[PDB]
> 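Sharing a structure with you now.
We name chains A, B, ... by the order of the sequence lines, and we start the count at 1 in each one. First listed ligand is number 1; within each ligand, the first listed atom is number 1. Side-chain atoms are counted along with the backbone in the values below, which use heavy atoms only and exclude waters and symmetry mates.
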There are 4 protein chains.
Amino acid sequence: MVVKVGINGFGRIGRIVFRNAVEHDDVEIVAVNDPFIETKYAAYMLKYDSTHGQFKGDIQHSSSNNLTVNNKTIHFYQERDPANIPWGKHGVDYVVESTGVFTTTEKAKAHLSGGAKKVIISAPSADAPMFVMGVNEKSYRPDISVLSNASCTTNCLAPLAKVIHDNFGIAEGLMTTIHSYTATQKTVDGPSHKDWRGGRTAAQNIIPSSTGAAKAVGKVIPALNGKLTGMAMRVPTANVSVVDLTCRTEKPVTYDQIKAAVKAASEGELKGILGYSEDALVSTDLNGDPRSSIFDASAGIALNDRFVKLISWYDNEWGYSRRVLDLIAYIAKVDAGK
Amino acid sequence: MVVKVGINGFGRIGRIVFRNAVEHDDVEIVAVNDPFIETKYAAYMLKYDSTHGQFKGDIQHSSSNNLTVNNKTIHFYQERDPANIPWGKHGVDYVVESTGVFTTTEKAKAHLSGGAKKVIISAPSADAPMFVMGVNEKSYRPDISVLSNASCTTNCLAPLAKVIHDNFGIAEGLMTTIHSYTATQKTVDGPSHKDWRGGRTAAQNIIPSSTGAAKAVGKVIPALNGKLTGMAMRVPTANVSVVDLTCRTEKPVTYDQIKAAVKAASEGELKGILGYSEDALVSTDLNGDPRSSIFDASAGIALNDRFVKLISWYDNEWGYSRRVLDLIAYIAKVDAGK
Amino acid sequence: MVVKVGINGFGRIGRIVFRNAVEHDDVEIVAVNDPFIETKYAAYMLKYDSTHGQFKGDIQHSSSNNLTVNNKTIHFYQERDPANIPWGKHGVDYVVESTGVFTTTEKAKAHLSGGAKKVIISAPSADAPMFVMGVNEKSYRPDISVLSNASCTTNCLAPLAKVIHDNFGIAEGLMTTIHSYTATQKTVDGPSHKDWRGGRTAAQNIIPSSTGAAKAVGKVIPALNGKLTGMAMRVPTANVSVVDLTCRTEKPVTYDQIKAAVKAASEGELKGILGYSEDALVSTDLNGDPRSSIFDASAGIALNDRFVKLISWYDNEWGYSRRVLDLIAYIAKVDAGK
Amino acid sequence: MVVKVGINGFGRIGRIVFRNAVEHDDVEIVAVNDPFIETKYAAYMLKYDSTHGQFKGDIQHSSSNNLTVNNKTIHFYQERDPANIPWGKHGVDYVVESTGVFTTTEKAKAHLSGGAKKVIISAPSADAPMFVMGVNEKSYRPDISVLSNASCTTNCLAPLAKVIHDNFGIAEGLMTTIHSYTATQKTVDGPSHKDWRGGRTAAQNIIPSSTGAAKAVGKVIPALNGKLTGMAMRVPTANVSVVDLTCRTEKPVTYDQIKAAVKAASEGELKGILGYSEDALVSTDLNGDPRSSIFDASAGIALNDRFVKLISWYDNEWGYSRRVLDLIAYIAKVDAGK
Ligand SMILES: NC(=O)c1ccc[n+]([C@@H]2O[C@H](COP(=O)([O-])OP(=O)(O)OC[C@H]3O[C@@H](n4cnc5c(N)ncnc54)[C@H](O)[C@@H]3O)[C@@H](O)[C@H]2O)c1
Ligand SMILES: NC(=O)c1ccc[n+]([C@@H]2O[C@H](COP(=O)([O-])OP(=O)(O)OC[C@H]3O[C@@H](n4cnc5c(N)ncnc54)[C@H](O)[C@@H]3O)[C@@H](O)[C@H]2O)c1
Ligand SMILES: NC(=O)c1ccc[n+]([C@@H]2O[C@H](COP(=O)([O-])OP(=O)(O)OC[C@H]3O[C@@H](n4cnc5c(N)ncnc54)[C@H](O)[C@@H]3O)[C@@H](O)[C@H]2O)c1
Ligand SMILES: NC(=O)c1ccc[n+]([C@@H]2O[C@H](COP(=O)([O-])OP(=O)(O)OC[C@H]3O[C@@H](n4cnc5c(N)ncnc54)[C@H](O)[C@@H]3O)[C@@H](O)[C@H]2O)c1
Ligand SMILES: O=C(O)[C@H](O)[C@@H](O)[C@@H](O)[C@H](O)CO
Ligand SMILES: O=C(O)[C@H](O)[C@@H](O)[C@@H](O)[C@H](O)CO
Ligand SMILES: O=C(O)[C@H](O)[C@@H](O)[C@@H](O)[C@H](O)CO
Ligand SMILES: O=C(O)[C@H](O)[C@@H](O)[C@@H](O)[C@H](O)CO
């Protein structure tokens, strides 16, 4: 029950994974690596958060490169190469790979040479198996050393798509995610040679963007392979995003049957993963929501019994970070006594 | 060729209609009414615009309630009741009804008692006939005294829907407009009892909202009646919006055939109404664009030869205001020698 | 110890006063009046807040115009005229006047005819006596029926000015408040004939504005009468503001002596009113801060031992609302057994 | 009269210098270097600007690394080391150093080894002489090879300070610049270990920041050495900033005398550098303004005849870029026949 975890990349996801982990007893963070964030600086970035407010616990700078958070010691490193991080020195079993620059199996596996046993990439991967809690975590096997928790958008769309497909079938679906800007964007028009639109002033523009999240649902849900795709629109909010899923079902279904199916799943097998609301929600109301997907019943609309537009919110930082921790706890039980 | 026009409601639409009218010779603005905007105040609101920059022409405060703009005199009024506006005193033939509070035929017809001959409501109407330039203006008849130019969103969606339906048929379509906030929204959480979400902080929220624009296309294009609906997402930008149209076609069509059809229309019968671009556009690039609908070829995506997502921009202020003036000029020729 | 309070104007201040009152046992809210907010709508505006997050307690719609919040019944009214509010029917002793349209003694006194005993205007007043907790509340006398809690800015500047003047003397001071936009501003360029700049797009502009807050300090601190003035700059944030006080002292003083004096007061007589920080704060870090004034030691700067620039934050909604409740509790003890 | 100019760093300043240079005949841009911006990408970043709108001229991609802008060929390079840029190959005499990473004389002088004769650093320098057009350009001597155009803020404050000091004397002054965010800031809370506050979410925060601009005025105006300092507040606007100068004069002066002195200079020796307005301006009204400093007469305020707060706007991108070109043209005439 003592799951020792390390974090590589103390950014938005790394710090919010950290914040949720230290406020609970299911997982212990023992080590953090980030070459661009010194230990005293890390304490400040943890204490003060523009999006999620001040850290509630207690923080102390104990030694040169240690922090004491809630009477627990955490060692910090500044290694640019993951192979140089001594995870095994402190008994790190599971590493959260949240840098954004080690998303392939060949790069992420460098944590294993440092003593780590499992690596969980906090992003989609070109070749590592992807998992979405509540959709396909039971397909995990203990022989898998490098895994992916997919993207925030996939974690929003896949639980919803599972409910719709299981109950009424998805013949075809097209998705738009209206998505808050992120750390990859620019404050003013700047270089983004791999994504020209993505370099434009983040808080002044609606910015079309590509995403693999809808195609990735066809990997976590194989029966939907080739039946979903979509795109993204980056808009001037700093956090919280929303999925807009236009799909044609296989069976006739009313919008009230869709609502009831989602509400049923939200209270049953997908409790804590898929939420259901009928309130007049706006994006700030979902800031800090721990679910992966919050279905907005009153925002969607149906054209007919076969063609519907479904709206589901997600805090792209908070919900996804909790899934990382949920995934770590799940595979920790499988690797031991399941 | 001397079309004398009056404007009721010197707001976003009223001032941008005014700005585009006085910078051309097709239409003469002679009178303006707004009880909440005095004449000296009107000069300042015309000169300085947070969205479209400074007025390029010359402005003078000639008398108590007159302005001289580009050597032309414009009289201003402060009447809360449209029937008390003496349009006929200065020969006003066509009135732009841009207050937002006289959108019914029974209310808008009050301008006729003041000497006006035709009223053009700058919004959808519950009962006045709606027109979209490039789609159904030829259905106008000179016996129509009160008419509507529909909404900005309908003026974006209808020209695009006409091209798609004429070439490949629209079996069904679902639309989302990612829309800049407007004057009906609130700076901070405030009362909006007719639209609870619409009262929430405008520049901090993604705000789902209802819209009749997609159903209204079925009125301007009768063959599409009942085949389109949708919703809106208000986001923290001050101007420029974008339509996201997910539709199933009647005939197999590739995305390249869709691009070519739109580009063809943009250079032919819909020139100046429907635009076509392949550039890496973001919303600020369309600020000041005179078209009603700018198709973004590289932002859309197709799932298959029958299911596509189409993206089209519109400056919800500038393009719509030019259509009002285009509509006035068109019906002025019909009412005289067509 | 049972202070029965009513609220007129269920807006930003009215709802945040309400939220802080019901979460404590010093004051009981029993009645609320707002003609533009129905009872079921009031529950939604209380539950969801774009700035301060979701309401933590429990909310129920008990009858036609009653809410049950934390097992306490609150009656709601929709009266445009304060004299028509039956405060005395439910034993309302103190009324929070937070509409913004009854700031004079002659208008605010209308609550007295409805059964209320004291009225506290949540804004500056042209003639009602103004009070700032920690500065001059001891000058209150039980014969005063209509009083003002001044403005948020005055509540930030006055406690700081008191410390500086008491320790080193203020010979002269000039203040700028960089202030979040508020409900009086517009989402896009709109009519504001009493303040032309104030009508311009709120979240796209730095907007100079007038303020009486610095002169008002000379009323709450009479020795500073005529020695302070200033102005405001409205900027695109939805909450939290900061005072920038440039002053010449009467005695030579180093910046470290200023820091120590403020820190001393923050731990002594001004505890809970004036805060002190040396951290690298930005505006969101002060969201929800209960103090009236949080001195930012590392942000200020001194030119010499007589000329200094002092920086102090304030949550213009949260801190001010707590002062209203603090003021009610103080005068309730004076009106009874002091 | 043929001044051949090169640009190092095709960013905000580099592109806006370029845009203003190619639209005039005083200066010819012949070469550009930026390793992170390819030639085809450079054309797109030039054509579309989120802040200053679309480029008005004509752009063509002529060869592999050439652009044709207004029938003029411009060669582009991708060299990380300035010494590897072959400026002399195309006759580049003057180089605009606008990368932000070569601000010292020892680093900026690397352009000289590539064939360049003069280097103009588009920022303050630790050791290169700084110049402000209209204040001290006549102190330039032809033996100076590496020079600085100071910062945008210094270019706003120095012309104003010169007028005040020349007419009434500045005994002491404290400055705050309310400044738009820039490319050095972050879209969301990110690493900024040299400036902790500067890493926080740019468009959601008021962010205190240090600046040397006020002390730098004491270098361009030696008589003011040690009499001015100040700080900055970064706020959520993408462009346009404003200086707030609180100063004590040496002689009694009314605010009307200050207005008249500034207006006089704006029409005389500082024409085109210092502007004067009495209109109800907000920040967007100054977007694209070519002046270095636009005095806002109605926004400032005086406490007494010796203590005043002065407000002056500046487009931190557009005005500063024009000064770079003005400085190049000035020293080009001095280096030849003055
Ligand atoms: N932000 C979101 O909403 C979100 C949601 C889901 C997944 N993700 C994914 O999580 C990853 C991180 O995203 P983010 O928003 O937290 O980014 P971020 O930029 O906020 O954080 C990345 C962190 O990595 C650190 N880092 C950089 N190079 C490093 C190295 N060589 N070794 C160690 N640390 C290094 C940086 O200093 C920074 O602290 C990306 O793959 C992203 O796509 C992001
Ligand atoms: N803003 C857009 O993007 C947009 C686009 C298309 C259509 N429209 C429609 O145009 C109308 C106006 O929209 P807007 O954004 O310009 O609104 P706005 O609030 O900016 O302007 C409305 C104007 O009407 C004036 N007014 C109010 N009552 C009046 C009265 N009794 N008599 C005369 N004038 C009066 C107001 O003072 C204000 O100047 C609405 O119907 C709106 O839906 C708006
Ligand atoms: N917002 C701030 O930061 C702040 C800080 C300190 C003081 N204040 C002062 O508090 C007052 C309210 O400010 P706010 O920001 O809460 O405004 P707001 O517009 O958010 O709220 C005002 C409320 O008054 C209600 N109201 C209007 N007319 C009414 C009437 N006749 N009877 C009853 N209720 C009525 C409105 O429906 C609304 O709910 C103003 O005087 C303001 O200057 C505001
Ligand atoms: N932005 C303003 O308002 C402003 C005003 C006045 C002065 N300045 C100064 O101008 C400089 C640039 O500021 P900016 O806002 O344009 O920054 P920016 O980040 O927008 O542009 C900097 C450019 O430099 C390029 N670059 C980086 N390394 C390079 C290298 N080794 N060789 C060549 N090019 C390289 C980058 O790719 C980028 O295009 C800074 O010194 C800044 O302080 C900025
Ligand atoms: O799946 C992915 O790649 C991401 O989650 C993606 O959907 C978002 O980060 C963004 O909106 C795409 O630009
Ligand atoms: O057609 C309409 O009603 C409007 O144009 C509408 O689409 C927009 O104004 C908004 O996005 C809907 O809330
Ligand atoms: O004292 C006052 O009048 C206000 O508090 C005032 O300072 C602010 O509301 C605003 O910044 C001024 O426009
Ligand atoms: O002079 C300087 O250093 C800069 O111009 C400076 O004033 C601004 O860039 C910013 O507001 C300071 O953080």
> Any donor and acceptor pair, going by atom type alone, linking the side chain of D:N316 with main-chain N or O of D:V240 inside 3.5 Å?
yes
> Name all residues meeting the side chain to side chain donor-acceptor pair (under 3.5 Å) criterion together with D:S151; count only those two or more places apart in sequence or in a different chain, and write none if there are none.
D:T154
> Would C:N20 and C:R322 count as having a side-chain donor-acceptor pair, cut-off 3.5 Å?
yes
> For D:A213, take its heavy atoms, then give the atoms of ligand 8 lying under 4.0 Å from any of them.
1 (O)
> I'd like to check which ligand 8 atoms, numbered from 1 as shown, lie under 4.0 Å from a non-hydrogen atom of D:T211.
1 (O), 2 (C), 3 (O), 4 (C), 6 (C), 7 (O), 12 (C)
> Using a 4.0 Å cutoff against the non-hydrogen atoms of D:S210, which atoms of ligand 8 qualify?
12 (C), 13 (O)
> Parallel, tilted or perpendicular: which fits the ring planes of C:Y314 and C:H179, with parallel below 30° and perpendicular above 60°?
perpendicular
> For D:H179, counting its heavy atoms only, list the atoms of ligand 8 lying under 4.0 Å from any of them.
8 (C), 9 (O), 11 (O)
> Would you check whether D:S209 has a nitrogen or oxygen atom less than 3.5 angstrom from a nitrogen or oxygen atom of ligand 8?
yes
> Could you list, one pair per line, each nitrogen or oxygen of ligand 3 together with any protein nitrogen or oxygen closer than 3.5 Å, giving atom names and the distance rounded to 0.1 Å?
from	atom 1	to	atom 2	distance (Å)
ligand 3	3 (O)	C:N316	O	3.4
ligand 3	3 (O)	C:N316	ND2	2.9
ligand 3	10 (O)	C:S122	O	3.3
ligand 3	10 (O)	C:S122	OG	3.1
ligand 3	16 (O)	C:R12	N	3.1
ligand 3	16 (O)	C:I13	N	2.9
ligand 3	20 (O)	C:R12	N	3.1
ligand 3	31 (N)	C:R80	O	3.2
ligand 3	37 (O)	C:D34	OD1	2.7
ligand 3	37 (O)	C:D34	OD2	3.2
ligand 3	39 (O)	C:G11	N	3.4
ligand 3	39 (O)	C:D34	OD2	2.7

> Could you tell me whether some N/O pair between D:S151 and ligand 8 is separated by less than 3.5 angstrom?
yes
> If you measure from each heavy atom of D:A150 to ligand 8, is any distance below 4.0 Å?
no
> So, C:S180 side chain and C:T237 main chain: donor-acceptor pair closer than 3.5 Å or not?
yes
> List the residues meeting salt bridge (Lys or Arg N to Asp or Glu O under 4.0 Å) with C:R12, not counting sequence neighbours, and say none if there are none.
B:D189, C:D49, C:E317
> Please report the shortest heavy-atom distance between D:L174 and C:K309, naming the atom on each side.
CD1-N, 3.7 Å
> Over 60° means perpendicular and under 30° means parallel, so classify the ring planes of C:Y41 and C:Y44, tilted if in between.
parallel
> Only counting residues at least two apart or in another chain, list the ones meeting ring-ring contact (aromatic ring centres under 6.0 Å, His included) with D:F10.
D:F18, D:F76
